[PDB]
Amino acid sequence: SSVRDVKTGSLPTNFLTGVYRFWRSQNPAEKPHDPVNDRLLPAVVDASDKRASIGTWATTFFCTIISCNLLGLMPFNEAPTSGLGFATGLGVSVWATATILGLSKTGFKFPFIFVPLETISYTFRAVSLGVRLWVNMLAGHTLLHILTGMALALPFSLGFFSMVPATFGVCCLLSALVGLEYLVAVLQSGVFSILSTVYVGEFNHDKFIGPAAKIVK
Amino acid sequence: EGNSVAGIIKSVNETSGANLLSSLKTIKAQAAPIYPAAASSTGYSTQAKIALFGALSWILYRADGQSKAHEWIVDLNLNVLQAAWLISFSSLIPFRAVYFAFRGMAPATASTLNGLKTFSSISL
Amino acid sequence: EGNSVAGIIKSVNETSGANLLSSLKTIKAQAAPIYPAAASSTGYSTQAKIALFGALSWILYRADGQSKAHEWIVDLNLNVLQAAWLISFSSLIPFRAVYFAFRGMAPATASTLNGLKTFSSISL
Amino acid sequence: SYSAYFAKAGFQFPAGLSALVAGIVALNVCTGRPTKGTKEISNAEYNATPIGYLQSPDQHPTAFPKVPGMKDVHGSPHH
Amino acid sequence: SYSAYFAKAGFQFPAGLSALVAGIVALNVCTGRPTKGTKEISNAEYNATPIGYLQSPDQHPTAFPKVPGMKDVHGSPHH
Amino acid sequence: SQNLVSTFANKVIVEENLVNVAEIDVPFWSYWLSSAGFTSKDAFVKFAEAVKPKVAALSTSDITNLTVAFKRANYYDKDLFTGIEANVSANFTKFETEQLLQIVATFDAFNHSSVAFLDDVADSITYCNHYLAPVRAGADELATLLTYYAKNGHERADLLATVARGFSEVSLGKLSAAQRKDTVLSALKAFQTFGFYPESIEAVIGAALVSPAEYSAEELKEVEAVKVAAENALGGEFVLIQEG
Amino acid sequence: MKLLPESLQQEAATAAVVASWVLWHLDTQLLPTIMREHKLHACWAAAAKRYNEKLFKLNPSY
Amino acid sequence: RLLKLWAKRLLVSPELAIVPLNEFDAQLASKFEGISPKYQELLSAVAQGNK
Amino acid sequence: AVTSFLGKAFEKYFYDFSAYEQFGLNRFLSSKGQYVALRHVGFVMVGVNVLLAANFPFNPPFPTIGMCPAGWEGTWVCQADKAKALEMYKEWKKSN
Amino acid sequence: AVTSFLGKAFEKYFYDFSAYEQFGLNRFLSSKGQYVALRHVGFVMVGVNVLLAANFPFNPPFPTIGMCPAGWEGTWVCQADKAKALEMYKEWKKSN
Ligand SMILES: CCCCCCCCCCCCCCCCCC(=O)O[C@@H](COC(=O)CCCCCCCCCCCCCCC)COP(=O)(O)OCCN
Ligand SMILES: CCCCCCCCCCCCCCCCCC(=O)O[C@@H](COC(=O)CCCCCCCCCCCCCCC)COP(=O)(O)OCCN
Ligand SMILES: CCCCCCCCCCCCCCCCCC(=O)O[C@@H](COC(=O)CCCCCCCCCCCCCCC)COP(=O)(O)OCCN
Ligand SMILES: CCCCCCCCCCCCCCCCCC(=O)O[C@@H](COC(=O)CCCCCCCCCCCCCCC)COP(=O)(O)OCCN
Ligand SMILES: CCCCCCCCCCCCCCCCCC(=O)O[C@@H](COC(=O)CCCCCCCCCCCCCCC)COP(=O)(O)OCCN
Ligand SMILES: CCCCCCCCCCCCCCCCCC(=O)O[C@@H](COC(=O)CCCCCCCCCCCCCCC)COP(=O)(O)OCCN
Ligand SMILES: CCCCCCCCCCCCCCCCCC(=O)O[C@@H](COC(=O)CCCCCCCCCCCCCCC)COP(=O)(O)OCCN
Ligand SMILES: CCCCCCCCCCCCCCCCCC(=O)O[C@@H](COC(=O)CCCCCCCCCCCCCCC)COP(=O)(O)OCCN
Ligand SMILES: CCCCCCCCCCCCCCCCCC(=O)O[C@@H](COC(=O)CCCCCCCCCCCCCCC)COP(=O)(O)OCCN
Ligand SMILES: CCCCCCCCCCCCO[C@@H]1O[C@H](CO)[C@@H](O[C@H]2O[C@H](CO)[C@@H](O)[C@H](O)[C@H]2O)[C@H](O)[C@H]1O
Ligand SMILES: CCCCCCCCCCCCO[C@@H]1O[C@H](CO)[C@@H](O[C@H]2O[C@H](CO)[C@@H](O)[C@H](O)[C@H]2O)[C@H](O)[C@H]1O
Ligand SMILES: CCCCCCCCCCCCO[C@@H]1O[C@H](CO)[C@@H](O[C@H]2O[C@H](CO)[C@@H](O)[C@H](O)[C@H]2O)[C@H](O)[C@H]1O
Ligand SMILES: CCCCCCCCCCCCO[C@@H]1O[C@H](CO)[C@@H](O[C@H]2O[C@H](CO)[C@@H](O)[C@H](O)[C@H]2O)[C@H](O)[C@H]1O
Ligand SMILES: CCCCCCCCCCCCO[C@@H]1O[C@H](CO)[C@@H](O[C@H]2O[C@H](CO)[C@@H](O)[C@H](O)[C@H]2O)[C@H](O)[C@H]1O
Ligand SMILES: [Zn+2]
Ligand SMILES: [Zn+2]
């Protein structure tokens, strides 16, 4: 019942402010025809009510994936998004969030031979959004597992501290691969939430309920 | 707790004309905002003890599971490859520059607070 | 925090002979021991919430296990026989007499505190 | 009186009760043996077996049985 | 400054982290299925079986195996 | 056992012992009983005397729950609503526009107003609350607050600018066609009483002129009386927008 | 290697529980703190021309 | 009473001493944005404190 | 609020609301100490009959002393061996 | 005390104790940024060789590229199939 006290200007507050304002920047509100004043203020609030919380959803999905991706780079830890049901379960959840938002506009009714082909391109976003997250967390860690085994075969066979320069060159390529997996962990959390703003933002359109009556001049 | 400006007005009005100027540092300190002093040092919080023992229990649980794995020696050397980058990030990252870069991410800390000016609230 | 008798001695000595008798109730209250006032009511503690939810989780776990037992209807009616005595103990037990019987079990509460007498510590 | 001071502190557990429930739970989870009606099997057997065949009827008794001995699952019919 | 006020409060968890670890543990313990390498058996089979025959070798891998695939227990020799 | 339950039913579960449990928290219990349809004058007399020593220490949620409860029960206790209006006047910064619109509608149901209450409610909506809180209000609640200030003659032009923000095509469109008529006709009388014709009166007049078949001949006369009065105040001509 | 889990529904409900906790913790604990700190700065910066003008007209000090 | 008046203002806002009393009227204008910038940024920076 | 009312409510029930005085059991009963002995066995007898009425068509795991509940006397409810009673219940369940 | 010393101790190690200056690596190395690149791969190479030296007589689960560690070349350490290597290790273990 007693909430904690927060220091203003704390680094996690400033980081989460710039992160939230970035995903809110992805689906900006449309500028109305009329100037915004007390006449147009309820139409601006109502247009904000009909807009989905894609700014909140994308920084939910950014923070929950960049925390899960960087667990794969912590020692004694693996990434939750390297599992198939976790990473694709987030991607089908975004696709179902965009579909439910799109279906709630029309009638909750599902919309000659052209539209079965456009449906396959739409329902492939359910697969490809989560699979691109899953394969990137899997194939980078699988390649790290193979090359660590081949790097281990040199000091096992050729002495522990006997000969350095061959096991130095493979430990440099192994160390650059973990640094590449650091870059993929941040980029795939960004690509996921960029695409979630794109997919949900397709159905984030309602008509502006402007003034039906006006006293001109 | 009453507000400090009304305490300034009450203490300045109640003072004598003789000892007004000497007692101004006393009225200044009575209206100074409280800044709590540095309390006694305590080593670990209860939740800090749960967090460190819970992370130690998690590390020992994951190291025991990695050691029983099929590619067990590859798993323990992947912890060496992963912990080496945590050491290199302590060396490479400009932690003062990253602090001020994050400070410029929020508009509340990217600029100074522009509000009430002195001439608008002068009381004569 | 200084002790209150030295504050009594300091406040009585500093007062005038004219306003000594009027200010004696003020010096009495400044040396009165602090008795903290009744604070705002809060419904449940955090540990009280764990205790009641933990007892409810334990009751539901044991009632689910009793119902899946072989003699399942005998187990649930043994809870009726056991809870009936908890009701009868609220009716029969003289809770004021048991409180004073337990109070006479400890010698610290069975007698009044016999210590310092008045004539030995009179200060003239 | 000090009565309002003692009403300030709420319910509190006994002082080392977390170490008591840690020792009692660790005696029930670190048994070093399979858990009361189960048997450890190979990974080849676990992956090939459906969930309904992996369960046994004795480990799923009926919550309020109309006949003594009703089980919730029927298990593997292969004997 | 307010620096000594913020050093008074120690480490604190995030505000609803107990509900997060409650939901994650309840997804791992309330699976509705036997636990990863075990199979539910009858009460008649569990009571008659020794502990060494009740265990399986695959569920006990060696902590630091000198050969890949060493198991800690040998299980039941009866096939 | 056919009569042992019926003997227990006539003496224990009675409405009088429903009240005797309800004496502990009157703003909670009177609100939820009257929400369930228990609007009985004999019990709400006992509610009013049980809560009267507690009104001055009630929170804003408890005052709003107690005020809505005595509106649904239609019981007016003037000594109770004096302490209720003394709680709102003492804590007007803590009250919300969503709460005060329900308190004013109770104070408008039976005619009960103070000049200090009208000032502290108007100061709370205009200055102590968010300026877009009338947008979330609903036009039927804002028109009741406008009528409550027009009937008492209390001219607060800062309040009238805040309440007129809530009237729009959004908030009047959410009303029933019969309920939009009573909202439009009561807001246009309150705007003509003070002589205040804001820019958002185009939505109130335009809600009547886009569907004039609901309105009578004398009602369209007093609508276009306000329409020409707002045309002089805002300095223009009234025109209906068609989309396209 | 590990491709399919022991339960696909358990891994999806784990992702649903973690993402709904982050959605709860953002809307309830982080964004009320962020917006208290952001909009104190933002309302002061957006009012300071009109706030100082309104305060200039009010005080009779000049 | 004049000293007690200026003691209240300089206890709350001690940066008023950086403007002389005879030059105060020469800063004013009809609008607040037209007030002379000779003392604006110096008043705002002394008000922030000695640090 | 939710806890402060519930304390005030149960305090009124534990002390102030007594069904021994409101029902006037001084005419029928001698003592209050013998009322709580009858309220004890009365609580047991209700909880026995409520637990049986909450699910009456069940085969008893307790040994009935050669007696049958209602007009069943040959159904699965009255069967001695529980392996036969489980097969007889499955035929009764699909019809009902 | 136990925590306040450990904070003061690691602060001295993280900042004040630098082995780049005490060993004089400015003669051998160009930059401090290239020292921490060599200290990175130097940490990996030590942790590889320490994890192998912590238990050297083991049959590798990683595929050795047709190579043998020491003078074994026919023992259980060099065996390709792990079912044969487990039987060969049990004969080696009872002797040693
Ligand atoms: C109130 C409590 C505060 C506690 C104090 C803690 C202080 C230490 C800070 C904690 C470290 C957190 C690590 C986060 C790293 C993020 C890096 C970053 O912000 O990028 C740059 C953002 O700065 C920029 O303007 C952009 C420059 C391009 C850099 C590209 C940034 C992408 C990096 C993503 C991380 C990828 C690896 C992930 C590692 C975990 C910073 O560079 P800069 O400050 O030198 O440049 C500013 C101009 N002087
Ligand atoms: C003996 C004669 C017969 C007497 C009557 C029969 C006895 C049984 C009657 C049952 C009543 C038992 C006590 C009633 C407790 C609930 C009512 C209550 O008073 O709630 C208080 C607290 O009640 C409880 O929480 C006690 C519950 C105890 C049950 C213990 C179950 C343990 C389950 C959790 C274990 C987890 C351990 C974690 C370790 C860190 C509220 O606490 P507060 O914060 O407001 O401050 C008041 C403190 N004085
Ligand atoms: C082998 C694997 C097992 C895995 C199973 C899970 C077990 C995980 C083990 C870690 C769980 C947490 C351990 C708890 C012990 C440390 C906490 C503690 O020190 O106790 C209290 C901290 O305060 C103390 O009292 C410190 C005193 C030490 C606690 C107990 C001392 C040992 C008692 C055992 C008996 C010793 C005698 C016999 C020894 C052979 C807090 O307890 P509380 O929450 O109930 O009280 C707070 C209520 N306001
Ligand atoms: C001369 C003075 C000596 C001082 C020592 C005092 C010892 C007694 C004090 C009370 C502590 C008792 C806890 C020790 C339990 C030991 C049980 C054991 O060794 O066997 C375990 C061995 O099982 C295992 O291999 C798994 C590891 C179990 C570790 C047990 C952890 C629980 C420790 C309890 C916490 C004590 C402190 C809590 C508060 C008192 C489990 O027993 P089991 O029959 O179920 O299985 C046998 C193998 N099939
Ligand atoms: C990003 C660039 C690279 C930077 C360097 C590499 C990053 C990794 C380095 C590892 C250091 C991580 C932080 C060090 C924490 C330990 C040192 C420390 O400062 O201890 C403080 C606390 O440290 C911790 O406890 C944090 C540990 C976090 C680990 C979380 C594991 C969770 C396990 C328990 C979960 C149980 C959940 C229960 C929910 C109620 C002491 O706390 P205090 O009470 O004295 O007050 C100070 C608060 N400002
Ligand atoms: C089905 C059987 C499962 C059995 C498995 C075990 C699970 C047992 C369940 C009970 C365990 C305890 C439940 C914890 C929830 C209640 C505690 C709580 O309310 O949270 C905090 C109390 O304070 C609050 O924050 C209250 C706010 C509510 C907490 C979370 C709200 C729900 C979040 C879930 C996401 C909701 C959105 C999606 C919903 C579909 C305390 O958390 P903390 O210790 O980490 O923080 C203290 C650090 N100083
Ligand atoms: C239109 C709006 C609807 C709102 C509802 C939101 C739902 C999603 C929000 C996220 C919560 C997800 C938790 C629900 C998990 C449901 C899983 C399930 O139904 O199946 C379980 C059914 O398993 C059981 O029968 C045992 C009972 C399990 C209960 C699950 C308790 C965990 C609930 C998580 C706590 C959520 C709150 C924590 C913080 C977010 C277990 O799955 P299984 O595949 O392993 O086994 C299937 C049967 N073989
Ligand atoms: C006849 C019609 C019925 C009308 C319905 C309403 C009347 C109430 C009926 C029974 C309601 C029972 C609710 C009792 C639990 C809630 C009371 C409570 O816990 O509040 C306080 C009172 O606590 C107690 O009531 C404890 C009393 C327990 C003593 C044992 C009494 C007899 C128990 C009999 C055994 C029953 C066993 C099970 C039988 C089926 C403590 O919390 P607090 O915050 O208000 O206190 C301030 C400190 N923070
Ligand atoms: C060369 C010879 C060596 C001599 C041996 C002594 C020198 C020390 C060597 C290393 C000791 C490491 C101990 C560090 C943990 C204890 C420090 C600590 O936690 O104390 C404070 C300092 O906390 C920290 O040190 C956190 C710093 C973490 C930042 C990350 C640094 C680099 C990490 C590299 C990644 C390593 C990953 C694993 C690699 C194997 C916080 O607690 P406090 O109570 O004193 O603070 C008051 C608030 N209550
Ligand atoms: C794969 C593509 C996606 C990659 C991952 C995406 C990561 C998302 C987090 C990065 C967001 C940081 O974005 C941050 O937005 C904030 C909004 O407050 C901007 O914030 C700032 O902008 C400007 C200029 O810097 C300042 O004048 C202003 O005062 C301040 O608001 C920062 O300039 C920008 O750095
Ligand atoms: C040093 C230079 C720094 C440059 C910094 C700015 C670039 C930052 C890169 C981060 C990613 C940019 O993020 C970019 O956002 C825009 C809108 O803003 C998105 O644009 C999208 O907007 C909406 C969303 O449905 C659609 O109508 C549109 O068709 C689509 O393009 C892009 O898909 C995304 O790529
Ligand atoms: C969890 C691991 C880390 C993952 C983090 C990924 C998100 C990283 C977000 C930070 C990146 C954006 O980097 C952002 O660059 C912009 C310019 O574009 C800076 O914006 C500003 O910085 C300062 C303001 O003090 C000035 O130099 C200037 O006005 C402007 O450049 C932000 O201060 C910086 O934060
Ligand atoms: C956990 C469930 C309960 C199990 C409890 C079992 C232990 C019970 C201990 C209490 C029994 C002993 O009962 C004890 O009787 C002695 C006399 O013999 C009383 O001793 C005294 O009581 C009072 C003192 O105030 C006087 O009447 C007198 O001086 C003396 O009789 C104790 O006050 C009472 O507590
Ligand atoms: C099967 C046999 C065992 C049955 C179970 C045993 C239960 C054990 C708990 C009962 C103990 C109570 O024992 C209690 O001892 C205390 C010691 O402080 C005595 O305490 C008191 O004694 C006397 C007389 O009453 C007082 O004058 C004295 O001031 C006080 O100390 C109590 O008189 C007795 O009631
Ligand atoms: Zn791995
Ligand atoms: Zn029993």
# chains A, B, ... in the order shown; residues from 1 in each chain; ligands from 1
$ residues_near_ligand --ligand "ligand 1" --cutoff "12 Å" --atoms "only C-alpha atoms and all ligand atoms" --output "ChimeraX atom specification"
/A:6-15,18-19,66-67,69-74,178-190 /B:82,85-105,109 /E:3,6-7
$ residues_near_ligand --ligand "ligand 3" --cutoff "7 Å" --atoms "only C-alpha atoms and all ligand atoms" --output "PyMOL selection string"
chain D and resi 12-20+22-23+25-26+29-30
$ interface_residues --of "chain H" --to "chain G" --cutoff "12 Å" --atoms "only C-alpha atoms" --output "ChimeraX atom specification"
/H:21,24-35
$ write_last_selection --atoms "N, CA, C and O atoms" --output "PDB file, in the first residue's frame"
ATOM      1  N   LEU H  21      17.937  48.726  -6.666  1.00  0.00           N
ATOM      2  CA  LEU H  21      16.563  49.190  -6.501  1.00  0.00           C
ATOM      3  C   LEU H  21      16.230  50.317  -7.468  1.00  0.00           C
ATOM      4  O   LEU H  21      15.063  50.509  -7.825  1.00  0.00           O
ATOM      5  N   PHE H  24      15.302  48.835 -11.205  1.00  0.00           N
ATOM      6  CA  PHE H  24      14.260  47.824 -11.354  1.00  0.00           C
ATOM      7  C   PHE H  24      13.187  48.263 -12.342  1.00  0.00           C
ATOM      8  O   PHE H  24      12.690  47.449 -13.126  1.00  0.00           O
ATOM      9  N   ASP H  25      12.800  49.541 -12.306  1.00  0.00           N
ATOM     10  CA  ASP H  25      11.734  50.016 -13.182  1.00  0.00           C
ATOM     11  C   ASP H  25      12.189  50.099 -14.629  1.00  0.00           C
ATOM     12  O   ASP H  25      11.368  49.985 -15.543  1.00  0.00           O
ATOM     13  N   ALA H  26      13.493  50.263 -14.857  1.00  0.00           N
ATOM     14  CA  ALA H  26      14.049  50.327 -16.201  1.00  0.00           C
ATOM     15  C   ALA H  26      14.126  48.969 -16.883  1.00  0.00           C
ATOM     16  O   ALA H  26      14.560  48.904 -18.036  1.00  0.00           O
ATOM     17  N   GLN H  27      13.744  47.889 -16.204  1.00  0.00           N
ATOM     18  CA  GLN H  27      13.675  46.576 -16.825  1.00  0.00           C
ATOM     19  C   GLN H  27      12.283  46.223 -17.316  1.00  0.00           C
ATOM     20  O   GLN H  27      12.159  45.375 -18.201  1.00  0.00           O
ATOM     21  N   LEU H  28      11.247  46.852 -16.772  1.00  0.00           N
ATOM     22  CA  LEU H  28       9.878  46.441 -17.027  1.00  0.00           C
ATOM     23  C   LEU H  28       9.432  46.816 -18.435  1.00  0.00           C
ATOM     24  O   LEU H  28      10.025  47.659 -19.102  1.00  0.00           O
ATOM     25  N   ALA H  29       8.358  46.173 -18.876  1.00  0.00           N
ATOM     26  CA  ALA H  29       7.689  46.534 -20.115  1.00  0.00           C
ATOM     27  C   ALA H  29       6.214  46.219 -19.943  1.00  0.00           C
ATOM     28  O   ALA H  29       5.770  45.832 -18.864  1.00  0.00           O
ATOM     29  N   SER H  30       5.455  46.386 -21.024  1.00  0.00           N
ATOM     30  CA  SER H  30       4.025  46.115 -20.947  1.00  0.00           C
ATOM     31  C   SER H  30       3.746  44.622 -20.980  1.00  0.00           C
ATOM     32  O   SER H  30       2.832  44.137 -20.304  1.00  0.00           O
ATOM     33  N   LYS H  31       4.508  43.883 -21.770  1.00  0.00           N
ATOM     34  CA  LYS H  31       4.443  42.434 -21.797  1.00  0.00           C
ATOM     35  C   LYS H  31       5.601  41.874 -20.990  1.00  0.00           C
ATOM     36  O   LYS H  31       6.623  42.538 -20.807  1.00  0.00           O
ATOM     37  N   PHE H  32       5.436  40.647 -20.497  1.00  0.00           N
ATOM     38  CA  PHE H  32       6.525  40.026 -19.753  1.00  0.00           C
ATOM     39  C   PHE H  32       7.668  39.630 -20.679  1.00  0.00           C
ATOM     40  O   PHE H  32       8.832  39.622 -20.267  1.00  0.00           O
ATOM     41  N   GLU H  33       7.358  39.301 -21.934  1.00  0.00           N
ATOM     42  CA  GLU H  33       8.409  38.903 -22.862  1.00  0.00           C
ATOM     43  C   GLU H  33       9.244  40.095 -23.309  1.00  0.00           C
ATOM     44  O   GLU H  33      10.355  39.915 -23.818  1.00  0.00           O
ATOM     45  N   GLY H  34       8.739  41.312 -23.117  1.00  0.00           N
ATOM     46  CA  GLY H  34       9.497  42.502 -23.436  1.00  0.00           C
ATOM     47  C   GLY H  34      10.330  43.050 -22.297  1.00  0.00           C
ATOM     48  O   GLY H  34      10.935  44.113 -22.465  1.00  0.00           O
ATOM     49  N   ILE H  35      10.356  42.372 -21.146  1.00  0.00           N
ATOM     50  CA  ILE H  35      11.201  42.803 -20.039  1.00  0.00           C
ATOM     51  C   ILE H  35      12.661  42.621 -20.431  1.00  0.00           C
ATOM     52  O   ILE H  35      13.021  41.638 -21.091  1.00  0.00           O
TER      53      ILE H  35
END
$ select_by_dssp --residues "chain D" --states "alpha helix (DSSP H)" --output "list in words"
residues 3, 4, 5, 6, 17, 18, 19, 20, 21, 22, 23, 24, 25, 26, 27, 28, 29, 43, 44, 45, 46, 47, 48, 51, 52, 53 and 54 of chain D
$ residues_near_ligand --ligand "ligand 16" --cutoff "10 Å" --atoms "only C-alpha atoms and all ligand atoms" --output "mmCIF file with C-alpha atoms, in the first residue's frame"
data_model
loop_
_atom_site.group_PDB
_atom_site.id
_atom_site.type_symbol
_atom_site.label_atom_id
_atom_site.label_comp_id
_atom_site.auth_asym_id
_atom_site.auth_seq_id
_atom_site.Cartn_x
_atom_site.Cartn_y
_atom_site.Cartn_z
ATOM 1 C CA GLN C 66 -9.097 -35.743 1.772
ATOM 2 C CA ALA C 69 -9.003 -40.471 -0.313
ATOM 3 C CA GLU C 71 -12.490 -43.190 2.998
ATOM 4 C CA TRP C 72 -13.200 -39.756 1.587
ATOM 5 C CA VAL C 74 -15.200 -40.140 6.590
ATOM 6 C CA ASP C 75 -12.343 -37.648 6.163
ATOM 7 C CA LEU C 76 -14.660 -34.721 5.445
ATOM 8 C CA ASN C 77 -16.933 -35.589 8.369
ATOM 9 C CA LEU C 78 -13.914 -35.818 10.652
ATOM 10 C CA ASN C 79 -13.395 -32.156 9.781
#
$ calpha_fit_and_write --fixed "chain J" --moving "chain I" --output "compact mmCIF listing (two decimals) with C-alpha atoms, in the first residue's frame"
# COMPACT_ATOMS: atom_id res chain seq x y z
CA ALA I 1 31.45 -4.63 7.69
CA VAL I 2 31.70 -7.77 5.56
CA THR I 3 29.90 -5.92 2.76
CA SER I 4 31.44 -2.49 3.39
CA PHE I 5 34.98 -3.86 3.17
CA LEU I 6 34.22 -5.85 0.02
CA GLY I 7 32.95 -2.72 -1.69
CA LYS I 8 36.07 -0.80 -0.68
CA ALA I 9 38.25 -3.74 -1.75
CA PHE I 10 36.81 -4.21 -5.24
CA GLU I 11 36.76 -0.44 -5.86
CA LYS I 12 40.53 -0.46 -5.32
CA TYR I 13 40.88 -3.43 -7.67
CA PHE I 14 38.54 -2.14 -10.41
CA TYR I 15 40.08 1.35 -10.58
CA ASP I 16 43.27 1.77 -8.55
CA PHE I 17 44.97 -1.59 -9.19
CA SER I 18 45.78 -1.78 -12.91
CA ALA I 19 48.12 -4.48 -14.17
CA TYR I 20 48.58 -2.53 -17.41
CA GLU I 21 50.60 0.13 -15.60
CA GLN I 22 52.30 -1.96 -12.91
CA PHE I 23 53.69 -4.43 -15.46
CA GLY I 24 54.64 -1.64 -17.89
CA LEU I 25 52.81 -2.95 -20.95
CA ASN I 26 53.17 0.39 -22.78
CA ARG I 27 56.50 -0.91 -24.11
CA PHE I 28 54.96 -4.04 -25.62
CA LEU I 29 51.42 -2.86 -26.42
CA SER I 30 50.22 0.15 -28.39
CA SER I 31 46.94 1.12 -26.72
CA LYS I 32 44.94 0.33 -23.62
CA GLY I 33 42.12 -0.49 -26.02
CA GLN I 34 44.24 -3.19 -27.63
CA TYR I 35 45.38 -4.44 -24.24
CA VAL I 36 41.76 -5.17 -23.31
CA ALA I 37 41.33 -6.96 -26.63
CA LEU I 38 44.31 -9.15 -25.75
CA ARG I 39 43.10 -9.48 -22.15
CA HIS I 40 39.79 -10.64 -23.62
CA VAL I 41 41.24 -13.43 -25.77
CA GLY I 42 43.76 -14.06 -23.00
CA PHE I 43 40.86 -14.68 -20.62
CA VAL I 44 39.25 -17.06 -23.12
CA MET I 45 42.47 -19.00 -23.76
CA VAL I 46 43.14 -19.42 -20.04
CA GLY I 47 39.56 -20.51 -19.35
CA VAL I 48 39.76 -23.04 -22.17
CA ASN I 49 43.04 -24.47 -20.88
CA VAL I 50 41.97 -24.40 -17.22
CA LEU I 51 38.69 -26.22 -17.93
CA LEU I 52 40.61 -28.88 -19.82
CA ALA I 53 43.33 -29.15 -17.16
CA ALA I 54 40.73 -29.43 -14.39
CA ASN I 55 39.92 -32.85 -15.86
CA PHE I 56 42.22 -33.96 -18.67
CA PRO I 57 41.58 -37.77 -18.89
CA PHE I 58 38.15 -37.52 -20.48
CA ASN I 59 36.79 -38.73 -23.78
CA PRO I 60 35.81 -35.58 -25.69
CA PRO I 61 32.15 -35.02 -26.58
CA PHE I 62 33.35 -32.52 -29.16
CA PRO I 63 34.69 -34.03 -32.41
CA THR I 64 38.48 -34.04 -32.44
CA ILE I 65 39.74 -33.67 -35.99
CA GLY I 66 41.58 -37.01 -36.22
CA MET I 67 44.03 -36.07 -33.45
CA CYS I 68 45.15 -37.56 -30.14
CA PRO I 69 46.11 -35.71 -26.91
CA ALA I 70 49.26 -37.34 -25.58
CA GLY I 71 50.78 -40.77 -25.84
CA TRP I 72 47.44 -42.57 -25.67
CA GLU I 73 46.33 -42.96 -29.34
CA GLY I 74 44.48 -46.26 -28.70
CA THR I 75 42.96 -45.81 -25.26
CA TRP I 76 39.40 -44.87 -24.26
CA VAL I 77 40.27 -41.17 -24.57
CA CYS I 78 40.70 -41.52 -28.34
CA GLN I 79 37.77 -43.84 -29.08
CA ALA I 80 35.19 -42.75 -31.65
CA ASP I 81 32.10 -44.64 -30.44
CA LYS I 82 31.21 -43.82 -26.85
CA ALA I 83 29.69 -47.22 -26.05
CA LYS I 84 33.09 -48.81 -26.63
CA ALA I 85 34.88 -46.00 -24.78
CA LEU I 86 32.76 -46.59 -21.67
CA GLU I 87 33.79 -50.25 -21.54
CA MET I 88 37.46 -49.40 -22.11
CA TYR I 89 37.37 -46.78 -19.35
CA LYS I 90 36.07 -49.25 -16.76
CA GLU I 91 39.11 -51.48 -17.30
CA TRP I 92 41.40 -48.45 -17.03
CA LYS I 93 39.69 -47.19 -13.87
CA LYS I 94 40.09 -50.30 -11.69
CA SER I 95 43.84 -50.38 -12.38
CA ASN I 96 44.29 -46.63 -11.85
$ atom_distance --atom1 "atom CA of residue A:61" --atom2 "atom CA of residue G:14"
13.9 Å
$ residues_near_ligand --ligand "ligand 7" --cutoff "8 Å" --atoms "only C-alpha atoms and all ligand atoms" --output "count of residues only"
27
$ residues_near_ligand --ligand "ligand 11" --cutoff "7 Å" --atoms "only C-alpha atoms and all ligand atoms" --output "ChimeraX atom specification"
/A:25-27,194,197-199,201-202
